[PDB]
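**Student:** How does the following fold in three dimensions:
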Amino acid sequence: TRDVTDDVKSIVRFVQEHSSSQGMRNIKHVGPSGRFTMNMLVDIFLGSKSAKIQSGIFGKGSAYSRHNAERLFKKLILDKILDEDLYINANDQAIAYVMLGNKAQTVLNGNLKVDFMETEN
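**Tutor:** Residues are numbered from 1 along each chain as shown. Sharing the structure here:
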């Protein structure tokens, strides 16, 4: 039903912004520790107040039910727009964190439109 292209474009723009300090000579890289879990991305999006970041896309998710906002990211991974790798921390825990998939650049070029099915329950 509902077309979510502009939202995904911004989610993608956003995820990539928090990957480096783009600009100054040393384009130094973030993560794995500074990368987001899907859940932290949901929280941020749904302008939660446990959100790690509270700028960029913080407001944007306010018309989505948590359940849906979830399903949207699940989709964005599936669709290879966003992807997720594992990180192992010092206490030997495996944490799945998000990053762009080979499809992210596509959506940023108007070339893919993203549509979403709003689910109840």
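**Student:** Name the SS class of residue 8, please.
**Tutor:** helix (DSSP: H, G, I helix; E, B strand; the rest coil).
**Student:** Name the residue most distant from the centre of this protein?
**Tutor:** residue 25 (26.2 Å; Cα atoms, centre = their mean).
**Student:** roughly how far apart are that residue and residue 58?
**Tutor:** Noted for residue 25: a distance of 29 Å to residue 58, by Cβ to Cβ, to the nearest Å. Just so you know, the C-beta spots here come from the backbone N, C-alpha and C atoms, and that holds for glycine as well.
**Student:** again with residue 26
**Tutor:** Using Cβ to Cβ, we find residue 26 at a distance of 27 Å from residue 58.
**Student:** which one of the two has more residues nearby?
**Tutor:** Neighbours were counted for residue 26 and for residue 58 using other Cβ atoms under 10 Å; residue 58 has more, 18 against 8.
**Student:** At which residues are the helices of the protein located?
**Tutor:** Along the chain, the segments classed as helices by DSSP state H run 5-17, 38-45, 66-78, 104-107.
**Student:** Now those helices in JSON lines, please, with extra columns for mean neighbour count.
**Tutor:** Formatted as JSON lines, the helices of the chain follow (neighbours: other Cβ atoms under 10 Å):
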{"stretch": "helix 5-17", "mean neighbour count": "18"}
{"stretch": "helix 38-45", "mean neighbour count": "21"}
{"stretch": "helix 66-78", "mean neighbour count": "17"}
{"stretch": "helix 104-107", "mean neighbour count": "18"}
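**Student:** could you dump these to JSON lines with distance to residue 118?
**Tutor:** Formatted as JSON lines, those follow (distance: least, Cβ to Cβ, whole Å):
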{"stretch": "helix 5-17", "distance to residue 118": "13"}
{"stretch": "helix 38-45", "distance to residue 118": "15"}
{"stretch": "helix 66-78", "distance to residue 118": "6"}
{"stretch": "helix 104-107", "distance to residue 118": "20"}
